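Everything below concerns the one structure shown next.
Chains as they are written, first to last, in the numbering used here: chain A, 3 to 156; chain B, 2 to 40.
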């Protein structure tokens with residue numbers, strides 16, 4: 003299946019069926035975070051998805067073609083995380099991003115906590131475009147989790 | 002050996018649960034793709 007949408011990344015290599023992450027199929031390319039797959043090939047039914055591009059520092063990887071996701075947070079508006087937690091139905095969660103300030107610029111961040119295995123869930127703008135992927139971030143004093151809005155380059 | 006399963010359409014949800022704060026954090030990103038907090 004190549005139809006656009008959000009997908010679970012699963013493995014049977016452990017106890018039962020385990021969700022290791024999530025990703026986005028768009029324009030025939032599958033997008034996830036590098037740390038989910040470590041760049042390994044994926045199965046989609048009878049088909050094989052081979053890796054095409056990736057970068058550990060950006061923590062992104064694409065399959066079957068180059069990274070397609072262009073959209074960026076506007077720096078002003080609320081966004082939605084389309085969280086796909088293991089064993090649980092996809093759910094939209096709306097939030098106003100904060101900001102990671104780095105030596106090389108600022109990027110949006112979302113202060114939402116989900117189980118291991120939700121990495122790669124897409125963050126959307128009000129137009130429904132994917133402005134990045136959830137699941138690379140920090141643990142703060144409060145002990146909670148804050149994820150970068152991680153976006154690639156097309 | 003990993004496989005994928007469709008979980009939904011990518012769409013904005015008109016009346017979604019609204020939550021989360023908006024922290025502004027100084028961070029560093031290392032060569033391994035790991036973020037850390039600066040003070």
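For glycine and all other residues, C-beta sits at the position ideal for the given N, C-alpha and C.
Short Cβ contact (8 Å threshold) for residue i with residue j
{"i": "residue 114 of chain A", "j": "residue 64 of chain A", "result": "no"}
{"i": "residue 7 of chain B", "j": "residue 3 of chain A", "result": "yes"}
{"i": "residue 71 of chain A", "j": "residue 21 of chain A", "result": "no"}
{"i": "residue 9 of chain A", "j": "residue 31 of chain A", "result": "no"}
{"i": "residue 123 of chain A", "j": "residue 135 of chain A", "result": "yes"}
{"i": "residue 17 of chain B", "j": "residue 104 of chain A", "result": "no"}
{"i": "residue 69 of chain A", "j": "residue 155 of chain A", "result": "yes"}
{"i": "residue 111 of chain A", "j": "residue 95 of chain A", "result": "no"}
{"i": "residue 119 of chain A", "j": "residue 87 of chain A", "result": "yes"}
{"i": "residue 38 of chain A", "j": "residue 11 of chain A", "result": "yes"}
Buried or exposed (CB count within 10 angstroms, at least 16 for buried), residue i
{"i": "residue 52 of chain A", "result": "exposed"}
{"i": "residue 139 of chain A", "result": "buried"}
{"i": "residue 159 of chain A", "result": "Missing from the structure shown is residue 159 of chain A; chain A here goes from 3 to 156 and no further."}
{"i": "residue 121 of chain A", "result": "buried"}
{"i": "residue 19 of chain B", "result": "exposed"}
{"i": "residue 1 of chain A", "result": "Since the first and last residues shown for chain A are 3 and 156, residue 1 of chain A lies out of range."}
{"i": "residue 89 of chain A", "result": "exposed"}
Best match in the options for proximity to residue i [C-alpha to C-alpha]
{"i": "residue 78 of chain A", "options": "A:112, A:99, A:90", "result": "A:99"}
{"i": "residue 14 of chain B", "options": "A:144, A:126, A:40", "result": "A:126"}
{"i": "residue 7 of chain A", "options": "A:144, A:132, A:19, A:137", "result": "A:132"}
{"i": "residue 91 of chain A", "options": "B:2, B:9, B:3", "result": "B:9"}
Distance, residue j Cα to residue i Cα
{"i": "residue 61 of chain A", "j": "residue 35 of chain A", "result": "5 Å"}
{"i": "residue 23 of chain B", "j": "residue 152 of chain A", "result": "16 Å"}
{"i": "residue 108 of chain A", "j": "residue 102 of chain A", "result": "5 Å"}
{"i": "residue 33 of chain B", "j": "residue 54 of chain A", "result": "20 Å"}
{"i": "residue 1 of chain A", "j": "residue 39 of chain B", "result": "Nothing can be reported for residue 1 of chain A: it is not among the residues displayed for chain A, which extend from 3 to 156."}
{"i": "residue 40 of chain A", "j": "residue 21 of chain B", "result": "29 Å"}
{"i": "residue 25 of chain B", "j": "residue 83 of chain A", "result": "18 Å"}
{"i": "residue 12 of chain B", "j": "residue 93 of chain A", "result": "11 Å"}
{"i": "residue 116 of chain A", "j": "residue 141 of chain A", "result": "13 Å"}
{"i": "residue 80 of chain A", "j": "residue 50 of chain A", "result": "36 Å"}
Beta-bridge pairing of residue i - partner residues as DSSP gives them
{"i": "residue 25 of chain A", "result": "A:9"}
{"i": "residue 13 of chain B", "result": "None, per the DSSP bridge assignment."}
{"i": "residue 110 of chain A", "result": "A:101"}
{"i": "residue 29 of chain B", "result": "B:37"}
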